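Okay, structure first, notes after.
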Amino acid sequence: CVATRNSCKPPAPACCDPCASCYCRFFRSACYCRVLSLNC
Numbered sequence: 071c072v073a074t075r076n077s078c079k080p081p082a083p084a085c086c087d088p089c090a091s092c093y094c095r096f097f098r099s100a101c102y103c104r105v106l107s108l109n110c
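So this is what it looks like as structure tokens:
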């Protein structure tokens, strides 16, 4: 589906997992697929 380097917005299409949302973790406001959680 998608890894964790694609920009998108919830809910759908989502990021494979329902815990994977399109968020930014950098100072570039680059919000992309990211769950930020192992137990999820």
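Mature numbering (1 follows the signal peptide of the UniProt record, and there is no 0) applies: residue 71 is where the sequence shown begins, and numbers increase by one.
Even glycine gets a Cβ: it sits at the ideal position worked out from N, Cα and C.
Item: Proximity winner among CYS92, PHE97, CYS86, relative to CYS71 (alpha-carbon distances); Value: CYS86
Item: CB-CB length for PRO80 against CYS92, believed under 8 Å; Value: 6 Å
Item: Collapsed DSSP secondary structure at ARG104 in the structure displayed; Value: strand
Item: Coil, strand or helix - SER77 by DSSP; Value: coil
Item: Buried versus exposed, by CB contacts within 10 Å (16 or more), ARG95; Value: exposed
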